[PDB]
Every structure is written in structure tokens, then in C-alpha cells.
Amino acid sequence: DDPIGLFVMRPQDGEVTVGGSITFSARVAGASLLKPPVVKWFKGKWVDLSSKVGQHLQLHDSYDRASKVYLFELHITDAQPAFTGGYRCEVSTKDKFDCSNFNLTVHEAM
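Residue numbers for the sequence shown follow the authors' numbering, so the first one is 1 and each next one is one higher.
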């Protein structure tokens, strides 16, 4: 892993109620590389985003070259009580490897 800093900013957990929202933000270094960082997300206790990324979970991609950050925004609202996030963000670029582990505790009742 070269001095990329692939994990510029790492998304964190969150405790939310089912019916609210949750928000994650992942900032990945859009440095000079073989090819732009491939950051694969993993959503809550079992999920993927790559498929679901739409209306309740928008896994956005911001692209700041000058910042050298691809900011993948998670706009994930309305966390199902079985959504208890194990969101894993694992980017794999050139030789840089970085990963995050952040949960979403969806509070059904308590």
C-alpha cells in the first residue's frame, strides 16, 4: 500500500429508530493509481448496497479530484429493525487497502 490514504475519512456507526434515518459518509482517496479506487460497500447485518442503492439507501458517489476524494454518501433512511447495520466499507485500489466496520443499531422499541 502506497501513500494514497485510501481511507481519507471513514464512516461510523449509528443508533437509529426504525422509521428514522441513518447516514454514513465514506471518503476515499481518488489518488493516482492503476485505476480509480474500487470501494465496495456492504450494508447492515446481511445486506449489500450495490443492489438496494436507490430510494431508501442512496449510496452516492461524490468525486472531488482536487480533494482526491470520492465521497460515497449513504443516505439510508428508514432502517428496518432487522437492518442492524453491519455496513462494511472496503476499498481496494492499486496496492492500498483500507476498510471500515460501522454498525447501525435500529431501535425497534428500545
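Cβ coordinates follow ideal geometry from the N, Cα and C atoms, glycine included.
Helix, strand or coil for residue i per DSSP?
i, result
"residue 15", "strand"
"residue 58", "strand"
Residue i to residue j, Cα distance in whole Å?
i, j, result
"residue 23", "residue 74", "5 Å"
"residue 88", "residue 50", "12 Å"
"residue 5", "residue 12", "17 Å"
"residue 8", "residue 56", "25 Å"
For residue i, count the other beta carbons within 10 Å of its own beta carbon; 16 or more makes it buried, fewer makes it exposed. Which is it?
i, result
"residue 98", "buried"
"residue 65", "exposed"
"residue 100", "buried"
"residue 63", "exposed"
I believe residue i touches residue j by the beta-carbon criterion, under 8 Å. Please report the beta-carbon distance rounded to the nearest angstrom.
i, j, result
"residue 108", "residue 40", "Going by Cβ atoms, the distance from residue 108 to residue 40 rounds to 28 Å, so no, they are not a contact pair."
Does the region 33-48 come into contact with the region 72-86, if we say contact requires no fewer than three beta-carbon pairs (one atom in each stretch) closer than 8 Å?
Yes: the two stretches touch, three or more of their Cβ pairs being nearer than 8 Å.
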